[PDB]
$ cat final11.cif   # mmCIF, N, CA and C atoms
data_data
loop_
_atom_site.label_atom_id
_atom_site.label_comp_id
_atom_site.auth_asym_id
_atom_site.auth_seq_id
_atom_site.Cartn_x
_atom_site.Cartn_y
_atom_site.Cartn_z
N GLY D 1 18.85 3.25 13.16
CA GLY D 1 19.54 3.12 11.85
C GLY D 1 18.58 2.59 10.84
N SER D 2 18.13 3.41 9.90
CA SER D 2 17.03 3.09 8.97
C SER D 2 16.37 4.40 8.54
N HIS D 3 15.55 4.41 7.48
CA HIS D 3 15.06 5.68 6.93
C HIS D 3 13.69 6.07 7.54
N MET D 4 13.39 7.37 7.54
CA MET D 4 12.11 7.95 7.97
C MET D 4 10.92 7.42 7.16
N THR D 5 9.95 6.81 7.86
CA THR D 5 8.66 6.38 7.31
C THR D 5 7.58 7.44 7.54
N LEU D 6 6.82 7.78 6.50
CA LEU D 6 5.71 8.74 6.52
C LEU D 6 4.39 8.08 6.09
N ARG D 7 3.29 8.84 6.02
CA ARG D 7 1.94 8.33 5.74
C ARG D 7 1.47 8.73 4.34
N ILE D 8 0.39 8.10 3.85
CA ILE D 8 -0.21 8.46 2.55
C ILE D 8 -0.57 9.95 2.47
N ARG D 9 -0.89 10.58 3.61
CA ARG D 9 -1.12 12.02 3.77
C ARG D 9 0.07 12.84 3.24
N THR D 10 1.30 12.40 3.53
CA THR D 10 2.55 12.99 3.02
C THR D 10 2.75 12.69 1.53
N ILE D 11 2.47 11.46 1.10
CA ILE D 11 2.62 11.05 -0.31
C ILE D 11 1.65 11.83 -1.21
N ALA D 12 0.41 11.99 -0.76
CA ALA D 12 -0.62 12.81 -1.39
C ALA D 12 -0.24 14.29 -1.44
N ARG D 13 0.34 14.84 -0.35
CA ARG D 13 0.73 16.26 -0.20
C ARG D 13 1.49 16.83 -1.40
N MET D 14 2.21 15.97 -2.13
CA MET D 14 2.96 16.27 -3.35
C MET D 14 2.15 17.13 -4.33
N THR D 15 0.86 16.81 -4.52
CA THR D 15 -0.07 17.57 -5.38
C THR D 15 -1.54 17.50 -4.95
N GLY D 16 -1.91 16.69 -3.95
CA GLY D 16 -3.30 16.42 -3.56
C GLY D 16 -4.04 15.49 -4.52
N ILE D 17 -4.05 15.78 -5.83
CA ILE D 17 -4.84 15.07 -6.86
C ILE D 17 -4.58 13.55 -6.87
N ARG D 18 -3.39 13.14 -6.41
CA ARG D 18 -2.93 11.76 -6.25
C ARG D 18 -3.77 10.99 -5.25
N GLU D 19 -4.36 11.62 -4.23
CA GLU D 19 -5.00 10.91 -3.12
C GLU D 19 -6.16 10.02 -3.60
N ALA D 20 -6.90 10.47 -4.62
CA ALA D 20 -7.93 9.72 -5.34
C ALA D 20 -7.37 8.44 -5.99
N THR D 21 -6.13 8.49 -6.47
CA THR D 21 -5.37 7.41 -7.10
C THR D 21 -4.71 6.50 -6.04
N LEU D 22 -4.10 7.07 -5.00
CA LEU D 22 -3.50 6.36 -3.86
C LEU D 22 -4.54 5.51 -3.11
N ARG D 23 -5.69 6.11 -2.75
CA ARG D 23 -6.83 5.41 -2.13
C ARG D 23 -7.45 4.38 -3.07
N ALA D 24 -7.52 4.67 -4.38
CA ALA D 24 -7.89 3.68 -5.38
C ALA D 24 -6.94 2.48 -5.32
N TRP D 25 -5.63 2.69 -5.51
CA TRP D 25 -4.64 1.62 -5.54
C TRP D 25 -4.68 0.70 -4.33
N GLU D 26 -4.97 1.23 -3.14
CA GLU D 26 -5.17 0.44 -1.92
C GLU D 26 -6.11 -0.76 -2.15
N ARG D 27 -7.21 -0.57 -2.89
CA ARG D 27 -8.13 -1.64 -3.32
C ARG D 27 -7.91 -2.13 -4.76
N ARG D 28 -7.21 -1.37 -5.61
CA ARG D 28 -7.00 -1.65 -7.05
C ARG D 28 -5.77 -2.53 -7.33
N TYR D 29 -4.70 -2.46 -6.52
CA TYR D 29 -3.46 -3.26 -6.65
C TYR D 29 -2.73 -3.54 -5.33
N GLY D 30 -2.74 -2.59 -4.39
CA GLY D 30 -2.03 -2.60 -3.12
C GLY D 30 -0.77 -1.72 -3.08
N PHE D 31 -0.36 -1.07 -4.18
CA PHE D 31 0.78 -0.14 -4.23
C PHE D 31 0.35 1.30 -3.87
N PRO D 32 1.13 2.08 -3.09
CA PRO D 32 2.25 1.61 -2.29
C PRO D 32 1.74 0.69 -1.17
N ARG D 33 2.53 -0.35 -0.89
CA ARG D 33 2.24 -1.42 0.06
C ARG D 33 2.42 -0.91 1.50
N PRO D 34 1.37 -0.91 2.34
CA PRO D 34 1.44 -0.35 3.69
C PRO D 34 2.39 -1.18 4.56
N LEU D 35 3.41 -0.53 5.13
CA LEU D 35 4.42 -1.21 5.95
C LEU D 35 3.78 -1.73 7.25
N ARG D 36 4.24 -2.90 7.71
CA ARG D 36 3.63 -3.70 8.78
C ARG D 36 3.94 -3.12 10.17
N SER D 37 3.21 -2.06 10.53
CA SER D 37 3.43 -1.24 11.73
C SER D 37 2.11 -0.73 12.32
N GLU D 38 2.17 0.19 13.29
CA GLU D 38 1.00 0.87 13.85
C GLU D 38 0.34 1.85 12.85
N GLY D 39 -0.80 2.43 13.24
CA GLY D 39 -1.65 3.24 12.36
C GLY D 39 -2.80 2.42 11.76
N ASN D 40 -4.04 2.82 12.06
CA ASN D 40 -5.26 2.20 11.52
C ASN D 40 -5.83 3.03 10.35
N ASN D 41 -6.34 4.24 10.64
CA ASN D 41 -6.85 5.19 9.64
C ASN D 41 -5.76 5.66 8.65
N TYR D 42 -4.50 5.61 9.09
CA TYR D 42 -3.30 6.02 8.38
C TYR D 42 -2.39 4.79 8.27
N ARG D 43 -1.63 4.69 7.18
CA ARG D 43 -0.65 3.63 6.94
C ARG D 43 0.74 4.24 6.83
N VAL D 44 1.78 3.45 7.10
CA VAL D 44 3.18 3.88 7.02
C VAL D 44 3.85 3.40 5.73
N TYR D 45 4.78 4.22 5.24
CA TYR D 45 5.46 4.10 3.95
C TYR D 45 6.88 4.67 4.00
N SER D 46 7.78 4.14 3.17
CA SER D 46 9.17 4.58 3.05
C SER D 46 9.39 5.45 1.80
N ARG D 47 10.56 6.09 1.74
CA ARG D 47 11.01 6.88 0.59
C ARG D 47 11.11 6.04 -0.69
N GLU D 48 11.44 4.75 -0.59
CA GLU D 48 11.47 3.82 -1.74
C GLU D 48 10.10 3.64 -2.40
N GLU D 49 9.01 3.55 -1.62
CA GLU D 49 7.66 3.62 -2.20
C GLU D 49 7.43 5.00 -2.80
N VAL D 50 7.71 6.08 -2.05
CA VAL D 50 7.52 7.46 -2.53
C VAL D 50 8.25 7.72 -3.85
N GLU D 51 9.48 7.25 -4.05
CA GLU D 51 10.23 7.37 -5.30
C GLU D 51 9.40 6.87 -6.49
N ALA D 52 8.99 5.60 -6.44
CA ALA D 52 8.13 5.00 -7.45
C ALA D 52 6.79 5.75 -7.55
N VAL D 53 6.07 5.93 -6.43
CA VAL D 53 4.74 6.55 -6.38
C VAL D 53 4.75 7.96 -6.97
N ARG D 54 5.70 8.81 -6.56
CA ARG D 54 5.86 10.18 -7.03
C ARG D 54 6.15 10.24 -8.52
N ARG D 55 6.91 9.26 -9.04
CA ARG D 55 7.04 9.00 -10.48
C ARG D 55 5.70 8.60 -11.09
N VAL D 56 5.10 7.48 -10.68
CA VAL D 56 3.82 6.94 -11.18
C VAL D 56 2.75 8.04 -11.26
N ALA D 57 2.59 8.82 -10.19
CA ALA D 57 1.69 9.96 -10.09
C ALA D 57 1.93 11.04 -11.16
N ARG D 58 3.18 11.42 -11.42
CA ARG D 58 3.51 12.36 -12.49
C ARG D 58 3.35 11.71 -13.87
N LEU D 59 3.72 10.44 -14.00
CA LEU D 59 3.49 9.61 -15.18
C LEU D 59 1.99 9.56 -15.56
N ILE D 60 1.12 9.48 -14.55
CA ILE D 60 -0.34 9.58 -14.67
C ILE D 60 -0.81 10.93 -15.21
N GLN D 61 -0.15 12.04 -14.86
CA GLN D 61 -0.42 13.32 -15.51
C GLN D 61 -0.06 13.32 -17.01
N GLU D 62 0.72 12.35 -17.51
CA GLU D 62 1.06 12.24 -18.93
C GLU D 62 0.02 11.40 -19.70
N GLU D 63 -0.50 10.30 -19.11
CA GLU D 63 -1.53 9.45 -19.76
C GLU D 63 -2.58 8.80 -18.84
N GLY D 64 -2.26 8.52 -17.57
CA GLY D 64 -3.16 7.87 -16.62
C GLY D 64 -3.08 6.34 -16.60
N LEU D 65 -2.87 5.70 -17.76
CA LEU D 65 -2.56 4.26 -17.91
C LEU D 65 -1.43 3.82 -16.97
N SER D 66 -0.46 4.71 -16.73
CA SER D 66 0.61 4.53 -15.75
C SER D 66 0.15 4.14 -14.34
N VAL D 67 -1.13 4.30 -13.97
CA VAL D 67 -1.72 3.57 -12.83
C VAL D 67 -1.35 2.09 -12.90
N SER D 68 -1.82 1.36 -13.91
CA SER D 68 -1.54 -0.08 -14.00
C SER D 68 -0.14 -0.30 -14.57
N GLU D 69 0.27 0.51 -15.56
CA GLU D 69 1.56 0.35 -16.23
C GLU D 69 2.74 0.56 -15.28
N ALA D 70 2.88 1.72 -14.65
CA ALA D 70 4.06 2.01 -13.84
C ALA D 70 4.09 1.19 -12.54
N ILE D 71 2.92 0.74 -12.03
CA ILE D 71 2.83 -0.30 -11.00
C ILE D 71 3.38 -1.62 -11.53
N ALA D 72 2.84 -2.17 -12.63
CA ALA D 72 3.32 -3.43 -13.20
C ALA D 72 4.81 -3.37 -13.58
N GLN D 73 5.27 -2.23 -14.14
CA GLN D 73 6.68 -1.91 -14.37
C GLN D 73 7.47 -2.00 -13.06
N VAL D 74 7.19 -1.21 -12.01
CA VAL D 74 7.96 -1.30 -10.75
C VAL D 74 7.83 -2.67 -10.05
N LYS D 75 6.75 -3.43 -10.30
CA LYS D 75 6.65 -4.84 -9.88
C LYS D 75 7.67 -5.74 -10.60
N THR D 76 7.88 -5.57 -11.91
CA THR D 76 8.89 -6.33 -12.68
C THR D 76 10.31 -5.73 -12.62
N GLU D 77 10.43 -4.43 -12.33
CA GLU D 77 11.66 -3.64 -12.21
C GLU D 77 11.75 -3.00 -10.81
N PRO D 78 12.10 -3.77 -9.77
CA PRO D 78 12.20 -3.25 -8.40
C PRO D 78 13.39 -2.28 -8.23
N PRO D 79 13.33 -1.36 -7.24
CA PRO D 79 14.38 -0.36 -7.03
C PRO D 79 15.65 -0.98 -6.44
N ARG D 80 16.81 -0.39 -6.77
CA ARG D 80 18.12 -0.83 -6.28
C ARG D 80 19.11 0.34 -6.24
N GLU D 81 19.27 0.95 -5.06
CA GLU D 81 20.48 1.71 -4.69
C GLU D 81 21.53 0.77 -4.08
#

$ encode --input "final11.cif" --output "structure tokens"
Amino acid sequence: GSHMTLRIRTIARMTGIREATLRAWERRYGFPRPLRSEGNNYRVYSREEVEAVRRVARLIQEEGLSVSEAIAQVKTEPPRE
């Protein structure tokens, strides 16, 4: 009982071009935050990270500042279903 967790490989798959930004963020801020599980070369992630990330990534196609902006935004405005 709980949602399917996937890897940055899946999050990147959305357009590929994000992977340069996803791997950057790993050292640039830590978003999406790797869930505390198995995987060394690969990290695990939920749909709640993907929701924000998939937004941030498309937001980056509008200006790119959304790297720091939409991260700092989702840090101050966390998700709630």

$ closest_residue --input "final11.cif" --among "D:79, D:29, D:72, D:36" --to "residue D:48" --atoms "all atoms listed in the file"
D:79

$ atom_distance --input "final11.cif" --atom1 "atom C of residue D:4" --atom2 "atom C of residue D:44"
8.3 Å

$ atom_distance --input "final11.cif" --atom1 "atom N of residue D:31" --atom2 "atom CA of residue D:58"
16.3 Å

$ select_by_dssp --input "final11.cif" --residues "chain D" --states "strand (DSSP E)" --output "mmCIF file with N, CA and C atoms, keeping the file's coordinate frame"
data_model
loop_
_atom_site.group_PDB
_atom_site.id
_atom_site.type_symbol
_atom_site.label_atom_id
_atom_site.label_comp_id
_atom_site.auth_asym_id
_atom_site.auth_seq_id
_atom_site.Cartn_x
_atom_site.Cartn_y
_atom_site.Cartn_z
ATOM 1 N N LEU D 6 6.820 7.780 6.500
ATOM 2 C CA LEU D 6 5.710 8.740 6.520
ATOM 3 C C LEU D 6 4.390 8.080 6.090
ATOM 4 N N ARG D 7 3.290 8.840 6.020
ATOM 5 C CA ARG D 7 1.940 8.330 5.740
ATOM 6 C C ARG D 7 1.470 8.730 4.340
ATOM 7 N N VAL D 44 1.780 3.450 7.100
ATOM 8 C CA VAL D 44 3.180 3.880 7.020
ATOM 9 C C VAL D 44 3.850 3.400 5.730
ATOM 10 N N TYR D 45 4.780 4.220 5.240
ATOM 11 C CA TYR D 45 5.460 4.100 3.950
ATOM 12 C C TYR D 45 6.880 4.670 4.000
#

$ closest_residue --input "final11.cif" --among "D:35, D:3, D:25, D:70" --to "residue D:55" --atoms "only N, CA and C atoms"
D:70

$ select_by_dssp --input "final11.cif" --residues "stretch 40-79 of chain D" --states "helix (DSSP H, G or I)" --output "VMD selection string"
chain D and resid 47 to 60 66 to 76

$ write_last_selection --input "final11.cif" --atoms "N, CA and C atoms" --output "short mmCIF file (atom, residue, chain, number, x, y, z; two decimals), in the frame of the given file"
data_model
loop_
_atom_site.label_atom_id
_atom_site.label_comp_id
_atom_site.auth_asym_id
_atom_site.auth_seq_id
_atom_site.Cartn_x
_atom_site.Cartn_y
_atom_site.Cartn_z
N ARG D 47 10.56 6.09 1.74
CA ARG D 47 11.01 6.88 0.59
C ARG D 47 11.11 6.04 -0.69
N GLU D 48 11.44 4.75 -0.59
CA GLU D 48 11.47 3.82 -1.74
C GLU D 48 10.10 3.64 -2.40
N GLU D 49 9.01 3.55 -1.62
CA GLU D 49 7.66 3.62 -2.20
C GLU D 49 7.43 5.00 -2.80
N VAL D 50 7.71 6.08 -2.05
CA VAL D 50 7.52 7.46 -2.53
C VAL D 50 8.25 7.72 -3.85
N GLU D 51 9.48 7.25 -4.05
CA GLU D 51 10.23 7.37 -5.30
C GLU D 51 9.40 6.87 -6.49
N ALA D 52 8.99 5.60 -6.44
CA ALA D 52 8.13 5.00 -7.45
C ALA D 52 6.79 5.75 -7.55
N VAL D 53 6.07 5.93 -6.43
CA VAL D 53 4.74 6.55 -6.38
C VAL D 53 4.75 7.96 -6.97
N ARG D 54 5.70 8.81 -6.56
CA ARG D 54 5.86 10.18 -7.03
C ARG D 54 6.15 10.24 -8.52
N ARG D 55 6.91 9.26 -9.04
CA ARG D 55 7.04 9.00 -10.48
C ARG D 55 5.70 8.60 -11.09
N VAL D 56 5.10 7.48 -10.68
CA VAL D 56 3.82 6.94 -11.18
C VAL D 56 2.75 8.04 -11.26
N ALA D 57 2.59 8.82 -10.19
CA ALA D 57 1.69 9.96 -10.09
C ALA D 57 1.93 11.04 -11.16
N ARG D 58 3.18 11.42 -11.42
CA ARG D 58 3.51 12.36 -12.49
C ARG D 58 3.35 11.71 -13.87
N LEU D 59 3.72 10.44 -14.00
CA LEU D 59 3.49 9.61 -15.18
C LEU D 59 1.99 9.56 -15.56
N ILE D 60 1.12 9.48 -14.55
CA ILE D 60 -0.34 9.58 -14.67
C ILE D 60 -0.81 10.93 -15.21
N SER D 66 -0.46 4.71 -16.73
CA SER D 66 0.61 4.53 -15.75
C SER D 66 0.15 4.14 -14.34
N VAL D 67 -1.13 4.30 -13.97
CA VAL D 67 -1.72 3.57 -12.83
C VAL D 67 -1.35 2.09 -12.90
N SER D 68 -1.82 1.36 -13.91
CA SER D 68 -1.54 -0.08 -14.00
C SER D 68 -0.14 -0.30 -14.57
N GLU D 69 0.27 0.51 -15.56
CA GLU D 69 1.56 0.35 -16.23
C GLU D 69 2.74 0.56 -15.28
N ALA D 70 2.88 1.72 -14.65
CA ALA D 70 4.06 2.01 -13.84
C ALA D 70 4.09 1.19 -12.54
N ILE D 71 2.92 0.74 -12.03
CA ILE D 71 2.83 -0.30 -11.00
C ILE D 71 3.38 -1.62 -11.53
N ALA D 72 2.84 -2.17 -12.63
CA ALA D 72 3.32 -3.43 -13.20
C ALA D 72 4.81 -3.37 -13.58
N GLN D 73 5.27 -2.23 -14.14
CA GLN D 73 6.68 -1.91 -14.37
C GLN D 73 7.47 -2.00 -13.06
N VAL D 74 7.19 -1.21 -12.01
CA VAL D 74 7.96 -1.30 -10.75
C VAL D 74 7.83 -2.67 -10.05
N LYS D 75 6.75 -3.43 -10.30
CA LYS D 75 6.65 -4.84 -9.88
C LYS D 75 7.67 -5.74 -10.60
N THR D 76 7.88 -5.57 -11.91
CA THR D 76 8.89 -6.33 -12.68
C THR D 76 10.31 -5.73 -12.62
#

$ closest_residue --input "final11.cif" --among "D:56, D:47, D:42, D:61" --to "residue D:9" --atoms "only N, CA and C atoms"
D:42

$ atom_distance --input "final11.cif" --atom1 "atom CA of residue D:45" --atom2 "atom N of residue D:5"
6.5 Å

$ residues_around --input "final11.cif" --residues "residue D:32" --least-positions-apart "6" --cutoff "8 Å" --atoms "only C-alpha atoms" --output "ChimeraX atom specification"
/D:22,25-26,45,49-50,53

$ closest_residue --input "final11.cif" --among "D:68, D:76, D:46, D:37" --to "residue D:8" --atoms "only C-alpha atoms"
D:46

$ closest_residue --input "final11.cif" --among "D:23, D:41, D:1, D:71" --to "residue D:59" --atoms "only C-alpha atoms"
D:71

$ decode --input "final11.cif" --residues "stretch 52-79 of chain D" --atoms "N, CA, C and O atoms" --output "mmCIF file, in the first residue's frame"
data_model
loop_
_atom_site.group_PDB
_atom_site.id
_atom_site.type_symbol
_atom_site.label_atom_id
_atom_site.label_comp_id
_atom_site.auth_asym_id
_atom_site.auth_seq_id
_atom_site.Cartn_x
_atom_site.Cartn_y
_atom_site.Cartn_z
ATOM 1 N N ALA D 52 6.275 17.987 -9.444
ATOM 2 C CA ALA D 52 7.059 19.209 -9.351
ATOM 3 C C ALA D 52 8.142 19.250 -10.434
ATOM 4 O O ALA D 52 8.200 20.205 -11.199
ATOM 5 N N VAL D 53 8.986 18.217 -10.534
ATOM 6 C CA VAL D 53 10.122 18.146 -11.463
ATOM 7 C C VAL D 53 9.688 18.324 -12.916
ATOM 8 O O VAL D 53 10.285 19.119 -13.637
ATOM 9 N N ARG D 54 8.657 17.593 -13.355
ATOM 10 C CA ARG D 54 8.097 17.651 -14.704
ATOM 11 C C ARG D 54 7.539 19.036 -15.026
ATOM 12 O O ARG D 54 7.695 19.490 -16.161
ATOM 13 N N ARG D 55 6.946 19.710 -14.033
ATOM 14 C CA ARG D 55 6.630 21.140 -14.091
ATOM 15 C C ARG D 55 7.896 21.982 -14.223
ATOM 16 O O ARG D 55 8.042 22.618 -15.260
ATOM 17 N N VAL D 56 8.804 21.961 -13.236
ATOM 18 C CA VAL D 56 10.065 22.728 -13.201
ATOM 19 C C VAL D 56 10.818 22.627 -14.532
ATOM 20 O O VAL D 56 11.203 23.644 -15.100
ATOM 21 N N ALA D 57 10.982 21.412 -15.053
ATOM 22 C CA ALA D 57 11.594 21.110 -16.340
ATOM 23 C C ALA D 57 10.930 21.811 -17.537
ATOM 24 O O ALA D 57 11.626 22.335 -18.404
ATOM 25 N N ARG D 58 9.592 21.810 -17.610
ATOM 26 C CA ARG D 58 8.871 22.545 -18.654
ATOM 27 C C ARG D 58 8.936 24.056 -18.412
ATOM 28 O O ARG D 58 9.125 24.809 -19.359
ATOM 29 N N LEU D 59 8.855 24.486 -17.151
ATOM 30 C CA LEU D 59 9.048 25.869 -16.714
ATOM 31 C C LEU D 59 10.430 26.407 -17.160
ATOM 32 O O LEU D 59 10.563 27.537 -17.627
ATOM 33 N N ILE D 60 11.465 25.562 -17.086
ATOM 34 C CA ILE D 60 12.817 25.812 -17.600
ATOM 35 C C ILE D 60 12.856 26.017 -19.114
ATOM 36 O O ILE D 60 13.615 26.867 -19.570
ATOM 37 N N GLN D 61 12.027 25.309 -19.889
ATOM 38 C CA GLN D 61 11.868 25.609 -21.315
ATOM 39 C C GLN D 61 11.262 27.003 -21.573
ATOM 40 O O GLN D 61 11.385 27.496 -22.691
ATOM 41 N N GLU D 62 10.649 27.653 -20.570
ATOM 42 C CA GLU D 62 10.103 29.009 -20.710
ATOM 43 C C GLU D 62 11.152 30.091 -20.378
ATOM 44 O O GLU D 62 11.211 31.096 -21.082
ATOM 45 N N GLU D 63 12.010 29.883 -19.360
ATOM 46 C CA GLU D 63 13.077 30.845 -18.994
ATOM 47 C C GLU D 63 14.395 30.257 -18.456
ATOM 48 O O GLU D 63 15.439 30.896 -18.571
ATOM 49 N N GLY D 64 14.376 29.089 -17.809
ATOM 50 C CA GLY D 64 15.564 28.453 -17.225
ATOM 51 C C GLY D 64 15.840 28.846 -15.768
ATOM 52 O O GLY D 64 16.200 27.979 -14.970
ATOM 53 N N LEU D 65 15.585 30.107 -15.385
ATOM 54 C CA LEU D 65 15.596 30.600 -13.992
ATOM 55 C C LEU D 65 14.781 29.699 -13.052
ATOM 56 O O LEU D 65 15.187 29.456 -11.912
ATOM 57 N N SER D 66 13.691 29.119 -13.565
ATOM 58 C CA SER D 66 12.883 28.112 -12.881
ATOM 59 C C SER D 66 13.662 26.920 -12.316
ATOM 60 O O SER D 66 13.125 26.282 -11.416
ATOM 61 N N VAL D 67 14.919 26.665 -12.721
ATOM 62 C CA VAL D 67 15.855 25.846 -11.936
ATOM 63 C C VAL D 67 15.828 26.267 -10.467
ATOM 64 O O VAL D 67 15.420 25.477 -9.628
ATOM 65 N N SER D 68 16.272 27.483 -10.143
ATOM 66 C CA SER D 68 16.314 27.931 -8.749
ATOM 67 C C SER D 68 14.924 28.380 -8.299
ATOM 68 O O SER D 68 14.513 28.065 -7.184
ATOM 69 N N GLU D 69 14.173 29.063 -9.178
ATOM 70 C CA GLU D 69 12.856 29.599 -8.837
ATOM 71 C C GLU D 69 11.851 28.508 -8.486
ATOM 72 O O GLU D 69 11.335 28.520 -7.376
ATOM 73 N N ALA D 70 11.555 27.567 -9.390
ATOM 74 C CA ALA D 70 10.502 26.587 -9.147
ATOM 75 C C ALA D 70 10.900 25.562 -8.068
ATOM 76 O O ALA D 70 10.022 25.046 -7.374
ATOM 77 N N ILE D 71 12.209 25.332 -7.853
ATOM 78 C CA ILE D 71 12.721 24.637 -6.662
ATOM 79 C C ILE D 71 12.404 25.446 -5.398
ATOM 80 O O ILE D 71 11.739 24.924 -4.507
ATOM 81 N N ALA D 72 12.854 26.703 -5.293
ATOM 82 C CA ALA D 72 12.585 27.534 -4.119
ATOM 83 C C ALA D 72 11.079 27.717 -3.866
ATOM 84 O O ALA D 72 10.644 27.622 -2.720
ATOM 85 N N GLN D 73 10.280 27.889 -4.929
ATOM 86 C CA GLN D 73 8.820 27.867 -4.906
ATOM 87 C C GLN D 73 8.315 26.553 -4.299
ATOM 88 O O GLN D 73 7.715 26.614 -3.237
ATOM 89 N N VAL D 74 8.584 25.365 -4.874
ATOM 90 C CA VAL D 74 8.091 24.100 -4.283
ATOM 91 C C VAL D 74 8.653 23.819 -2.874
ATOM 92 O O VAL D 74 8.002 23.140 -2.082
ATOM 93 N N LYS D 75 9.820 24.380 -2.509
ATOM 94 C CA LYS D 75 10.318 24.374 -1.124
ATOM 95 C C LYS D 75 9.424 25.192 -0.179
ATOM 96 O O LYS D 75 9.186 24.737 0.937
ATOM 97 N N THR D 76 8.949 26.377 -0.590
ATOM 98 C CA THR D 76 8.029 27.204 0.217
ATOM 99 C C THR D 76 6.543 26.824 0.050
ATOM 100 O O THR D 76 5.756 27.037 0.969
ATOM 101 N N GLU D 77 6.176 26.183 -1.064
ATOM 102 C CA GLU D 77 4.835 25.721 -1.444
ATOM 103 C C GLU D 77 4.851 24.196 -1.691
ATOM 104 O O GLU D 77 4.855 23.754 -2.845
ATOM 105 N N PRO D 78 4.874 23.366 -0.629
ATOM 106 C CA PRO D 78 4.905 21.911 -0.767
ATOM 107 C C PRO D 78 3.574 21.347 -1.310
ATOM 108 O O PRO D 78 2.519 21.959 -1.118
ATOM 109 N N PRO D 79 3.591 20.165 -1.960
ATOM 110 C CA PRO D 79 2.397 19.572 -2.557
ATOM 111 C C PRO D 79 1.429 19.033 -1.495
ATOM 112 O O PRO D 79 1.838 18.573 -0.425
#
